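In what follows, a structure is listed as structure tokens, so that the remarks can point back to it.
Reckoned from all heavy atoms, side chains included, excluding hydrogens, waters and symmetry mates. First the proteins, then the strands, lettered A, B, ... as listed; each starts at 1.
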4 protein chains.
Amino acid sequence: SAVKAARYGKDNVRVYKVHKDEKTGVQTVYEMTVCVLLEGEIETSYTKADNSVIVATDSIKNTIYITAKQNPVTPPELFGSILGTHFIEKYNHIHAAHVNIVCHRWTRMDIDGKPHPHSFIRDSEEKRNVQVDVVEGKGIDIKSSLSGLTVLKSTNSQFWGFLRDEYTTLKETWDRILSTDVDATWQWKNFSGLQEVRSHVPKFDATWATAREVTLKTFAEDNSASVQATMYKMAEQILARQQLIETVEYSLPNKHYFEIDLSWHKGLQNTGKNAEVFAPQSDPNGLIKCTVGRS
Amino acid sequence: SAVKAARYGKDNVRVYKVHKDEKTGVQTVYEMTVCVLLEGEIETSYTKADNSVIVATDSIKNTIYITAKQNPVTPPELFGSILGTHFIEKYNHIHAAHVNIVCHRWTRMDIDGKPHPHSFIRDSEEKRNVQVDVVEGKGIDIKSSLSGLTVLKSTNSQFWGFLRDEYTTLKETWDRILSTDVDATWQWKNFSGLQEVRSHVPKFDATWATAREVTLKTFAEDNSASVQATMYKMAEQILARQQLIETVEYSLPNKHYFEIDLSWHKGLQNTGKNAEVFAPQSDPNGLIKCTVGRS
Amino acid sequence: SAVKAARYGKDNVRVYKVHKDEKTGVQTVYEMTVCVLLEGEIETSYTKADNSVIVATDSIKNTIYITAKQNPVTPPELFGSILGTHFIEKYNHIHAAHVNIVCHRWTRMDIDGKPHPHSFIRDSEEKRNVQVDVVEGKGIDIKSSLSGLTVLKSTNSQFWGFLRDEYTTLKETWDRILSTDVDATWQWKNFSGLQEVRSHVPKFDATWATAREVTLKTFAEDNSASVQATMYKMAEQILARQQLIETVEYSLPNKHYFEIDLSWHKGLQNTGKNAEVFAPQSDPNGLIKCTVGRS
Amino acid sequence: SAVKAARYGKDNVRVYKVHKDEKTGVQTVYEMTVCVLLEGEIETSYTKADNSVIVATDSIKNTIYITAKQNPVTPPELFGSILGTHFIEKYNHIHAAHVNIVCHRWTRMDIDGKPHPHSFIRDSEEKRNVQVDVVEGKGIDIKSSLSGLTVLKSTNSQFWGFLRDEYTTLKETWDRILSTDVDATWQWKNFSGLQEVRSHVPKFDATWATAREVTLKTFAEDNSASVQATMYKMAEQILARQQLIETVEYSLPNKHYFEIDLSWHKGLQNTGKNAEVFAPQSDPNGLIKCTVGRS
Ligand SMILES: O=c1[nH]c(=O)c2[nH]c(=S)[nH]c2[nH]1
Ligand SMILES: O=c1[nH]c(=O)c2[nH]c(=S)[nH]c2[nH]1
Ligand SMILES: O=c1[nH]c(=O)c2[nH]c(=S)[nH]c2[nH]1
Ligand SMILES: O=c1[nH]c(=O)c2[nH]c(=S)[nH]c2[nH]1
Ligand SMILES: O=c1[nH]c(=O)c2[nH]c(=S)[nH]c2[nH]1
Ligand SMILES: O=c1[nH]c(=O)c2[nH]c(=S)[nH]c2[nH]1
Ligand SMILES: O=c1[nH]c(=O)c2[nH]c(=S)[nH]c2[nH]1
Ligand SMILES: O=c1[nH]c(=O)c2[nH]c(=S)[nH]c2[nH]1
Ligand code: NA
Ligand code: NA
Ligand code: NA
Ligand code: NA
């Protein structure tokens, strides 16, 4: 036998950081969950019980906290690039570092219509994420994403004109509910190293804001022919608004809301134009994916 | 043997309802999860295989949807009272109906600074709940609550002066992080029946807004001596602002954020006034409860 | 305002203990999750910021580990009684201690048909639980339970003869699937204190084994008229086999498996006696409860 | 813009099937969760609102149930190959079908030491899975796996000799607890189509049994130098026992159990050889991966 691929590290590392402005007295908090997996000349730890090549996962954890102490943790594209660069520079035998960051929401509270200097709310489980792959000799590859953005529109979605054969029972519709959990990922141009990532730092928060804004406005305003056609519109707009990204990927479930025929009970009309009460369906669900690139 | 207590029904019934204003073109959505458990002269279904006394759970489900078609589903205190009243009136042998409602958030979207007529976002997993117990001969007992309201303050929490003995290792602190998931419940005066519940309908949304506002402002502004002392302040203020509630109950976890001593690494100072990076702890957690009534 | 009820403590405390027999070389492991909530003369911590009455939750955590070091952790009825007794004896102002224990499964592995001396498997998420309430002046109240025992029978369940009215659509059946997650609780006679609990220690594991065996055999062998009638049989048998318990409580969901009519496709017959492929339903679910006592 | 990749279909489709032997009266149940994603000449559904190319996801769901009615659902490698082959043969414009199957455990009950003909238990959340990729022109690619197999050994694990530098605080150990959730995947030789998959059908259950047996016995018997070294041993043994698989992949978390120093309390000794009570850690966790192929 032979090792064909190997990586190891620390997952589910919870990290909080606070920034304090003691001129203004305003505090700002950041919370994330970090994973770091390393690759390199490590196969003998698997084949020969040679632990000399292992940077212990506990030491990887220590390194996350130390790096967070010594650097800004935002934007996450930058923090992940600094962290991954550390590992491949510090350790001659480590040749790639793979950093995932899940960013959790702590939105400043407004109290009596003024922002509070040190109190925050989790306004939803939506996440902002990065995957930063630092590969020695080959730069830094970054994917950015938003996930867990759960939305619903009650009309201005349609689905008709689909293939119909002996497996088909679904009725065409010109007016349905559409609800989904948005997972949207933008893939950046390869960066040559940390310096280039630093040179683009303002584009990271700006591109996440553009992706979110395009998602929300397109979802709300598109009289949707299908999940596929709406998601494609979102992707092309994001590509047109940030030339340093190469592709945009969407993964959208179709979280179904079924009409309920009540006409068996006192003639009640609850279907079609009369549909008011629906049964949200936990499973199954459609799942629609696409990756959009430039022509 | 003998049956001492028995109840049965349908749980986890997902319900959506839409309201359409075709003068303004504005749609409004509501989504909940309902459970209904019935009690009455039903013991023979357990002891003698007598199913004649059972209102099938599927029929209970049908009844939830029909009631939702025929009535407003808001406020949930009203909807639960209508639903529970139906069961004890319709069925001579059913003497109590226990209705739980979990209300899910679908907040209208703002697009380009205007509210959208039919697009919504799940802005957090915070719930609004009711437990409505309709008991024949004895009125309607309602508990209202908010749950899953997750908050954090980065300073202006303290914990010192606690008991110290041979089991104690915890250091006193005059400046700590406080984070919790708020579960707050207000218990209404018994209502004599549906008419009385209807007569108070505006107080339900108003009291939920008061509880939420008091929670948020007290959490943000109290320089907290302990979780106990802060939660008590919230409860007394809610009681002073709604005379039709009898008690306020809080259940608050203390979701710990631990300092990380890094001085073992290049002398790094990250404790006390220098604390910037912390380790959020998933478990264990303090859990602090109280029920506050009037003197 | 006034405090009407208050309790505080530590939740979600994970605990492992190992026993090593260095005559036989056999090791045995135990893993649980513990919560302890205390009551007593503590209201001033809520109303007056008086932390002197608080046994810090961290010290409660320390106490769980110390008690686990100094005593057997099995059976959980005993461990919870020792722990709760400690708090009300150690602290004059603490008058009740409420201990919940969730016991996790670590079943010894068999390798090449022999039990392994120190390797274990989690053979399901079924739990064994206790709630032990130690109340000064009033003894020790113990509830024991098994939960998360998930079972299915593919036939020999029926449901017919139920009430039928204008809310009913469900078809009678003489042959259905029955699946549930069993939650079964037995409530012990009040114990006067720790000595009496100790005097009954072998009855705790024996009664849990009886409850489990009765559950499994009755579920498998009863040609069930309804969930209610089967669960009642289980409860009466457990009461007849342990005179020191006063009541048995069951809470059983009816996790539905729906037939799928495929006759629209090439005449396929998949209903009634021809039913082979079914759609398991995640929600909603029936929920059936009863508490059985002695006549 | 241009579509670079696209796939769509139905996820989270719950399926039960029963087999009845009415000579022996024995029933056997199978339960799974299925996902099917299709690829092909479908980009115009995204770019031009052309739904003519879409096989509706509801029809994909119908097709899963129909295929389950008409064929055995075991072994899952076979069922997934039949299902995926259907889509690329039925639809000229569909060129790949990607089928995931999660198989749930329903183990026959033993009652009074005899197997019961129609009653079953969920003996753990361990799953058996397949990913079957049917690609027109290019055969069938199958990955098989076991996941959620949670194990613990209380001794006969070590971790010493790892790299030590200014980021290292971890103490070497010659006797630790090792616990993990096993995710193990074997990748089969490409099959030319359904006929070849059928020709190997007995090897699927046999190879899953070999992988499980090798995992369990190696975990229990290896005096482990590290997670890496133990997992590698498992992989090489599986490769030596099934020549039709090309690689074996393991992904193992190191679910940490920390010693608890209690010597601050009455001199209690609970570390090193005296370690009996431990704190299981929910997060973070080491994560160790490797893919093993043949030399
Ligand atoms: O692409 C990745 N996504 C993740 O969410 C993740 N988590 C860990 S660990 N590695 C990775 N890689
Ligand atoms: O937008 C949709 N895309 C699909 O592929 C599909 N299939 C079914 S069913 N509804 C929908 N809706
Ligand atoms: O008090 C209750 N709370 C709940 O969340 C609930 N759910 C069901 S079912 N009954 C109840 N009762
Ligand atoms: O506010 C608090 N109440 C407590 O009872 C307690 N115990 C520990 S530890 N921290 C805290 N904080
Ligand atoms: O009766 C109880 N059951 C539990 O599961 C639990 N958990 C905590 S904390 N107290 C309690 N009390
Ligand atoms: O055993 C049952 N009890 C019930 O109350 C009920 N209701 C429906 S529907 N099925 C069942 N089955
Ligand atoms: O490789 C896969 N694994 C899965 O668990 C899965 N689920 C769906 S949908 N496709 C896939 N593909
Ligand atoms: O087996 C192990 N592999 C590792 O890479 C590692 N790191 C730490 S910490 N413990 C362990 N154990
Ligand atoms: Na390197
Ligand atoms: Na009645
Ligand atoms: Na006391
Ligand atoms: Na094809």
**Asked** Are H116(D) and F219(C) close enough, and set up right, to give a side chain to side chain contact (heavy atoms under 4.5 Å, CB included), and what steps lead you there?
**Response** CA-CA 11 Å; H116(D) 198 271; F219(C) 182 78; over 6 Å; no

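- Residue contact with chain C, scored on non-hydrogen atoms closer than 4.5 Å, involves the side chain of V29(D) exclusively.
- A distance of 10.5 Å separates OH of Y16(C) from CD of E259(D), quoted to the nearest 0.5 Å.
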**Request:** Would you sort out whether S124(D) and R122(C) count as a side chain to side chain donor-acceptor pair (under 3.5 Å), showing the intermediate values?
**Result:** CA-CA 7 Å; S124(D) 104; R122(C) 169 78 43 86; over 6 Å; no

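- Atom NZ of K127(D) has more than 12 heavy atoms from other residues, nucleotides or ligands within 6.0 Å.
- Summarising the geometry of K69(C) relative to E276(D), their closest heavy-atom pair is NZ-OE1, 2.6 Å, with the distance given to 0.1 Å.
- Only the side chain of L149(C) comes within contact range of chain D, with at least one heavy atom under 4.5 Å from a heavy atom of that chain.
- Of the two parts of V18(C), the backbone and the side chain both hold a non-hydrogen atom closer than 4.5 Å to a non-hydrogen atom of chain D.
- For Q269(C), the part lying near chain D is the backbone, with the side chain staying farther off; criterion is any non-hydrogen pair under 4.5 Å.
- Looking at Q281(C), the atoms closer than 4.5 Å to chain D (heavy atoms on both sides) all sit in the backbone: N, CA, C or O.
- Contact of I111(C) with chain D is made through the side chain alone, with heavy-atom distances under 4.5 Å.
- Interface check for chain D: of the options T33(C), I177(C), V13(C), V73(C), the most heavy-atom pairs under 4.5 Å are formed by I177(C).
- At a 4.5 Å heavy-atom cutoff, the contact between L152(C) and chain D is made by backbone and side-chain atoms alike.
- Heavy-atom distances place the side chain of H265(C), and not its backbone, under 4.5 Å from chain D.
- Using a 4.5 Å cut-off between heavy atoms, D181(D) makes no contact with chain C at all.
- Of the atoms belonging to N270(C), heavy atoms from both backbone and side chain fall under 4.5 Å from chain D.
- Contacts of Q70(C) with chain D are made by side-chain atoms alone, with heavy-atom separations under 4.5 Å and no backbone atom involved.
- Using a 4.5 Å cut-off between heavy atoms, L216(C) touches chain D through backbone and side chain atoms alike.
- Remark: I121(C) CD1 to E126(D) CD distance equals 6.5 Å, nearest 0.5 Å.
- When each of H118(D), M109(D), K17(D) is checked for heavy-atom pairs under 4.5 Å with chain C, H118(D) comes out on top.
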